[PDB]
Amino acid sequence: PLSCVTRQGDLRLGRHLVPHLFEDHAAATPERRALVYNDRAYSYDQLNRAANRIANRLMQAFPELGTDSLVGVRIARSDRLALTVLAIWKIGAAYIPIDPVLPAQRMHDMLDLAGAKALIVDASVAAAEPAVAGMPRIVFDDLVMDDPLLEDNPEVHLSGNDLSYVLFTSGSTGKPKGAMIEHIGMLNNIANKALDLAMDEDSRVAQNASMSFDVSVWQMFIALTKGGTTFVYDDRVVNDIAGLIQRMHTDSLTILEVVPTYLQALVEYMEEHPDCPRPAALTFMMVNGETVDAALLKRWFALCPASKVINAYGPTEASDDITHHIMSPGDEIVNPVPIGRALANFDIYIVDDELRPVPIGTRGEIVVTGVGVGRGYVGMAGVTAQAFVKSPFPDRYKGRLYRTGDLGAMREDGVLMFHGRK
């Protein structure tokens, strides 16, 4: 057999994109708790109304904003960030996360490469730093002000193929590359995760990742598509392991995603302080981003025996993950830990340099087609052409193929194994 797994078309995604699923819940159950950020709690209705005031004031200030318009957002992770992103999506536009800690020259490159039409900051950022001529800047605090006449849904038409966000790399070499992600790819990642994490209206999901990382998107919004609650854990909280663990206990958190080094810090703390309260409501811990090892996973399972663990793998360019490896405490967990099974609506291949699939068990490049393959890198046609190419394989979407630059191999059962960088 050849190293091919095909799941294009496997999962129906429903009629509604992410912002509209949130709107559905706000209409059906307005008083459910939607989002908590430290001392601030919003019901679905409060969050929706505030996002609508922002959206309507944005359309007043920028009447030409809409489909594929890119808006920079330089607001720290918070209720304010969630509200601003939701507002941008409601008016048909897409956003670029620009963490306030990033220096001005990085902001400039991100806005310039993206052709951004405007920048939204919060009051603290506006007071610390000047606007730049030619880049309209508007302030969250003004956009969100009370006005009961501005609280209805904008009801702008959104298509699945429209951009939802552009996420720039944050390495130490070259100009940053801004991956273009579309609403339908973002939705597909969320739909797969909601199923594999067994989510429901009682789910309580942590938003702990930096806004410079694409995983912060599904973390912020997945619960809002299900009637559950997002808990935003900012940098001050995440930097205090003891404090984050206590918060997860008090909040009865059910879903947490981390990288392996942070997982290690959590495991070490709980092993060193067995008297302390633990995240006993967690149903799933997801680890992603770098290679995880079996011994660390088994140490986690000893501490959180009621949880399952997902090893999640994929590139930002394909809307977050393309494989999930689901593990239960009783499983035979050994090194190397698999990266797992293709998400629905993708096809994954292990190929040689000419994109020819290799026999099962042979190492080659991981490449992917399907609904979540994004558009490329904004303002960079050459770099785009290096990794985004026309698929030579059957396709039911837009014919896109993404070369990950990762080496891997496929087992006979279709499970994928990660073998480093090509």
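Numbers for residues come from their place in the sequence shown, where the first is 1.
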Look up the CA B-factors in the entry and say which stretch, 226-234 or 343-351, has the higher mean.
-> 343-351
Out of 406-414 and 8-16, which stretch has the higher average CA B-factor listed in the record?
-> 406-414
Going by the CA temperature factor in the entry, name the top one among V217, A265, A128, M248.
-> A128
Entry record, C-alpha B-factors for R53, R356, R40, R33; the maximum is at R356
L47 - Cα temperature factor, lowest/middle/highest third of chain = lowest
Split the chain's modelled residues into thirds by Cα B-factor; is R106 in the lowest, middle or highest one?
-> highest
If you rank the chain by CA B-factor, which third does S69 end up in: lowest, middle or highest?
-> middle
CA B-factor placement of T369, once the chain's modelled residues are sorted into thirds = middle
For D152, does the deposited CA B-factor place it in the lowest, middle or highest third of the chain?
-> middle
